[PDB]
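Asker: Dropping the structure in here first, questions after.
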Amino acid sequence: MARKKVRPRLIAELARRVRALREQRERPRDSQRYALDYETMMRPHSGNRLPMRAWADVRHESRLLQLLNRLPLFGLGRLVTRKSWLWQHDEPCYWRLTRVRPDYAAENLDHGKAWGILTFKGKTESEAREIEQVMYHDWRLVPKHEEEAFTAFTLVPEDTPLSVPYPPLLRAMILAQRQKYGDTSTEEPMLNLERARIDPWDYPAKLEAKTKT
Amino acid sequence: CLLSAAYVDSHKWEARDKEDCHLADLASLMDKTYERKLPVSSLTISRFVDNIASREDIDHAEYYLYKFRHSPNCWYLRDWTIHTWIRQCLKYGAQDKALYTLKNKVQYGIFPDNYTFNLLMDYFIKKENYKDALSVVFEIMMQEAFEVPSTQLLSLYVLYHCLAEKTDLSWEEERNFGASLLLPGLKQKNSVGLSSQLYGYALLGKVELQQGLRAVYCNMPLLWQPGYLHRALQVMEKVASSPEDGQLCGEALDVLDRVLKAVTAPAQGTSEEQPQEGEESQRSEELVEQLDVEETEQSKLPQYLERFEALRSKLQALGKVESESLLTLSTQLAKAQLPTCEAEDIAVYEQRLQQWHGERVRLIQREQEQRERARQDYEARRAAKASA
Amino acid sequence: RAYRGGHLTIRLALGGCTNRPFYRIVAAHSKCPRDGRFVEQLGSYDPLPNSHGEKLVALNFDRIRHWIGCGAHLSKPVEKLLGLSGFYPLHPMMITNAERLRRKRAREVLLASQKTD
Amino acid sequence: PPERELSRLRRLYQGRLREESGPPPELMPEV
Amino acid sequence: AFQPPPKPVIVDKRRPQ
Ligand SMILES: [Mg+2]
Ligand SMILES: [Mg+2]
């Protein structure tokens with residue numbers, strides 16, 4: 001806070017500026033960043049090792065831009081799916097590519113940021129978005145003829161009861177609370193789950209920064 | 068053959084190059100932009116590819132197209148520039164470098180999804196050169212390029228090679244062939260398209276049963292779903308309501324399949340003894356794509372053998388469509404359908420040719436407008452100087 | 010003290026003396042020390058069974074749901090406590106551990122009649 | 208659980224698997 | 053394995069003397 005003799009620290013500012021600058025200038029190309037040593041299963045850049053459960057899927061499968069580099073327009077309007085989704089969810093889960101912006105420092109051109117519109121468990125989101133976990137090796141491309149076989153969706157309704165009992169004590173508290181104010185109605189108190197809907201963990205999160213309203 | 072000659076290719080391409088540029092000036096401007104690490108217009112490249120007089124300058128074209136596809140604008144290559152490069156190769160050798168940039172694919176980033184593939188293929192047919200036309204077929208299939216009936220042109224070719232096949236095919240060869248039968252055959256017009264579909268589904272079925280399902284779809288535009296033989300037998304089920312199958316080679320190949328599936332069962336040491344590579348590494352790294360409930364295809368063999376024996380008894384007795392040769396009959400078919408399809412392509416490809424010129428014109432206009440604005444603001448800042 | 014991040018939470022502070030534990034149920038910042046500063050005291054839980062064979066838990070229910078209503082987070086053991094009380098459904102892990110316990114009793118029953126033979 | 212789901216898990220966690228467990232005993236016996 | 057094309061010499065000594 002304010003004490004009348006307080007010294008003017010200059011270098012505090014200098015280091016902020018200089019650090020931000022050396023950050024922007026040395027900001028790593030994601031070509032080298034997610035680069036992976038397949039023998040040791042170790043990132044050169046971060047020195048990080050990959051989790052045991054991801055090993056096989058790393059050896060045997062391909063990252064997104066590995067399947068998008070050999071596409072003619074670099075794969076616009078194409079449908080893409082993820083191995084994990086195919087194993088867990090029997091309903092269709094795909095990404096439709098809106099933009100693709102590869103990273104060219106790469107000799108083999110395997111890396112880059114993507115965008116699109118997502119269908120998960122058959123439900124479709126109405127907006128464009130940046131796709132998440134591109135660098136992963138789970139990615140697969142669906143062929144043109146099979147496109148209309150995957151996009152084929154059998155629409156089924158949801159059977160989970162809209163309401164459930166309150167937990168035993170809480171129910172008692174509510175009962176007694178309404179007896180006290182002279183409400184005689186013995187209609188069971190019910191807990192309404194309409195807004196308690198949550199997406200399974202597989203559902204990809206938006207990388208886009210939030211606009212504050 | 069009819070396509071190329073009757074299309075008047077050379078006249079249009081000679082008519083196309085309007086630009087009047089220099090190769091050394093473009094090379095220095097480019098090299099400069101890559102030195103300072105900045106982007107490069109697709110215009111400079113289209114120009115540089117238009118102005119090539121020599122094989123050496125085609126080498127230089129290759130180099131600068133590479134070093135362009137490794138630059139920020141690599142998605143901005145248009146069709147007419149790719150076209151220019153193909154036609155320049157047609158001016159010189161056409162049979163080497165175009166095939167090398169197509170097989171390289173990803174590096175050079177030509178990706179001519181177009182009538183251009185048809186063009187290249189015809190320029191192979193005229194001059195013979197089978198094997199290289201085959202590889203180009205494979206790459207047109209890998210890019211899954213058929214909205215055009217290059218398919219027939221390719222189906223034709225593949226079926227030529229289909230007779231040119233007497234050999235013992237390895238894993239990747241069998242795969243390649245299955246894919247070149249399947250993805251090119253879309254044809255509902257004829258029996259031959261359908262029985263080439265049968266051929267493909269059969270070959271890929273062999274690939275599956277012998278090695279693994281993963282071997283099939285790995286890099287190929289195919290589906291990971293295990294049923295394949297079932298898809299073929301479904302196409303043979305379509306014959307109850309439909310006239311035609313071509314159906315000699317369906318017989319022959321599905322006979323070879325049924326014979327290897329049979330022979331593998333009683334003789335374990337004859338059929339399955341061939342993979343010695345690593346037992347401990349393959350047992351430890353063993354992965355299973357298939358579920359426990361999924362009913363592995365190897366357990367369905369008694370049904371398959373029945374269907375192919377039931378269905379082949381029906382088809383020949385009902386459809387009566389047994390072909391005496393697939394090679395020749397297909398050849399006749401696509402040679403018959405060829406001319407009208409040409410006549411339909413000529414109309415479109417022309418409008419594309421004018422469109423591309425409109426685009427180039429607009430873009431040069433933008434170049435000029437920009438440069439003039441930059442010169443006016445430069446004169447305004449140089450004549451009267453105000454800076455902080 | 011000023012922190013970078015972290016959320017409001019309902020946890021157990023551990024008071025007590027060696028071998029005789031005691032807990033103060035507490036609403037605290039997440040990043041601050043276990044026994045340290047807190048926002049509000051909520052309840053107490055005494056693990057050791059008393060003269061009457063009871064573990065005493067105290068919950069200020071009104072304030073608890075005031076904070077849950079501000080989006081405070083619960084610790085797994087506080088979850089287990091509320092659930093036990095019946096103010097929350099049973100925590101799945103309570104149920105599961107119960108089942109595991111049952112199967113252990115079963116296998117020790119069989120092992121007992123197998124060793125007796 | 209449904210058998211399709213059990214097999215699905217089995218595919219996911221393969222080799223890292225453990226012995227499948229059945230229904231819990233209803234009441235718990237003593238020593 | 054792919055080997056990139058060697059650096060071009062694009063000089064025409066007739067245009068610039
Ligand atoms: Mg880490
Ligand atoms: Mg102490």
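Chains as they are written, first to last, in PDB author numbering: chain Aj, 1 to 213; chain Ae, 68 to 455; chain AP, 10 to 126; chain Ap, 208 to 238; chain BT, 53 to 69.
Think of the CB as a built atom: it goes at the ideal place given N, C-alpha and C, for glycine as much as any other residue.
1) Please report the residue range of the alpha helix (DSSP H) in which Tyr284 (chain Ae) lies.
2) Using beta carbons (cut-off 8 Å, strictly below), is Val283 (chain Ae) in contact with chain Ap?
3) Along the segment 104-130 of chain Ae, what residues have a CB closer than 7 Å to any CB found in chain BT?
4) Taking the beta strand (DSSP E) that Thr119 (chain Aj) belongs to, which residues open and close that run?
5) Determine contact between the segment 106-113 of chain Aj and the segment 78-98 of chain Aj, defined as no fewer than three beta-carbon pairs at a distance below 8 Å.
6) Compare the C-alpha of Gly272 (chain Ae) against each of Ae:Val173, Ae:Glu346, Ae:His297 and Ae:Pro251 and name the closest.
7) Report yes or no: is there a C-beta of chain AP within less than 8 Å of the C-beta of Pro208 (chain Ap)?
8) Excluding five sequence neighbours on each side, which residues of the same chain lie with their C-beta closer than 7 Å to the C-beta of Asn196 (chain Ae)?
9) Taking only beta-carbon positions, decide if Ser138 (chain Ae) is within less than 8 Å of chain Aj.
10) At the level of alpha carbons, what is the spacing between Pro216 (chain Ae) and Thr407 (chain Ae)?
11) Is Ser214 (chain Ap) close to chain Ae? Criterion is C-beta to C-beta, closer than 8 Å.
12) Hey, quick one: how far does the alpha helix (DSSP H) through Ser247 (chain Ae) stretch, first residue to last?
13) Which residues have their C-beta within less than 6 Å of a heavy atom of ligand 2, listed in chain order?
14) Using a threshold of 8 Å, state whether the C-beta atoms of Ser71 (chain Ae) and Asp180 (chain Ae) are closer than that.
15) Can we count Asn48 (chain Aj) as close to ligand 1, meaning its CB is less than 7 Å from some heavy atom?
16) How would you call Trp201 (chain Aj), buried or exposed, if buried means at least 16 neighbouring beta carbons within 10 angstroms?
17) Counting along the chain, where does the beta strand (DSSP E) carrying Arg33 (chain AP) start and finish?
18) Taking Cβ-Cβ distances shorter than 7 Å, what residues in chain Aj pair up with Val355 (chain Ae)?
19) On a Cα-Cα basis, can you pick out the residue from Ae:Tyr131, Ae:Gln174, Ae:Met303 and Ae:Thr100 that is closest to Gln314 (chain Ae)?
20) Hey, is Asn171 (chain Ae)'s beta-carbon within less than 8 Å of any beta-carbon in chain BT?
21) Tell me whether the segment 248-258 of chain Ae and the segment 305-320 of chain Ae touch, counting them as touching only if at least three CB pairs, one residue from each stretch, are closer than 8 Å.
22) If I'm right that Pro58 (chain AP) touches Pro167 (chain Aj) with Cβ under 8 Å, what's the distance once you round it to whole angstroms?
23) Between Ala269 (chain Ae) and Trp238 (chain Ae), is the Cβ-Cβ spacing less than 8 Å?
24) Please list, in chain order, the residues of the segment 78-93 of chain Aj that have any C-beta partner in chain Ap closer than 7 Å.
25) With 16 as the cutoff for other CB atoms within 10 Å, does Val116 (chain Ae) come out buried or exposed?
26) Are three or more beta carbon pairs between the segment 207-216 of chain Ae and the segment 69-76 of chain Aj nearer than 8 Å?
27) Using alpha carbons as the reference points, say which of Aj:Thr40, Aj:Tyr94, Aj:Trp55 and Aj:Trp87 lies closest to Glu147 (chain Aj).
28) Is the separation between the beta-carbon of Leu191 (chain Aj) and that of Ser163 (chain Aj) shorter than 8 Å?
29) Please tell me whether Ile77 (chain AP) and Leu51 (chain AP) are closer than 8 Å, where the distance is taken between their beta carbons.
30) Take the Cβ of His45 (chain Aj) as the centre, count every other Cβ of all protein chains shown within 10 Å, and call the residue buried at 16 or more, exposed below.
31) Have a look at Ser108 (chain Ae) and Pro57 (chain BT) and give me their C-alpha separation to the nearest angstrom.
32) From this set, Aj:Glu187, Aj:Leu155, Aj:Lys121 and Aj:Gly77, which residue's C-alpha is nearest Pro204 (chain Aj)'s C-alpha?
33) Alpha carbon to alpha carbon, how far is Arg197 (chain Aj) from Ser53 (chain AP)?
34) Rounded to whole angstroms, what's the CA-CA distance from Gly14 (chain AP) to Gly80 (chain AP)? Just pull it up for me.
35) From the DSSP output, which residues share a beta bridge with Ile19 (chain AP)?
Answerer: Taking the structure as given:
1) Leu280 to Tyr284
2) no
3) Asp126, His127, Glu129 and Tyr130
4) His111 to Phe120
5) no
6) Ae:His297
7) no
8) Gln162
9) yes
10) 11 Å
11) yes
12) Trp238 to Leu249
13) AP:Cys26 and AP:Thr27
14) no
15) yes
16) exposed
17) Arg29 to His38
18) None at all; the shortest Cβ gap to chain Aj is about 11 Å.
19) Ae:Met303
20) yes
21) yes
22) Wrong, their Cβ atoms sit about 25 Å apart, outside the cutoff.
23) no
24) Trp87
25) buried
26) yes
27) Aj:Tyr94
28) yes
29) no
30) exposed
31) 21 Å
32) Aj:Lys121
33) 33 Å
34) 15 Å
35) AP:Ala36 and AP:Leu83
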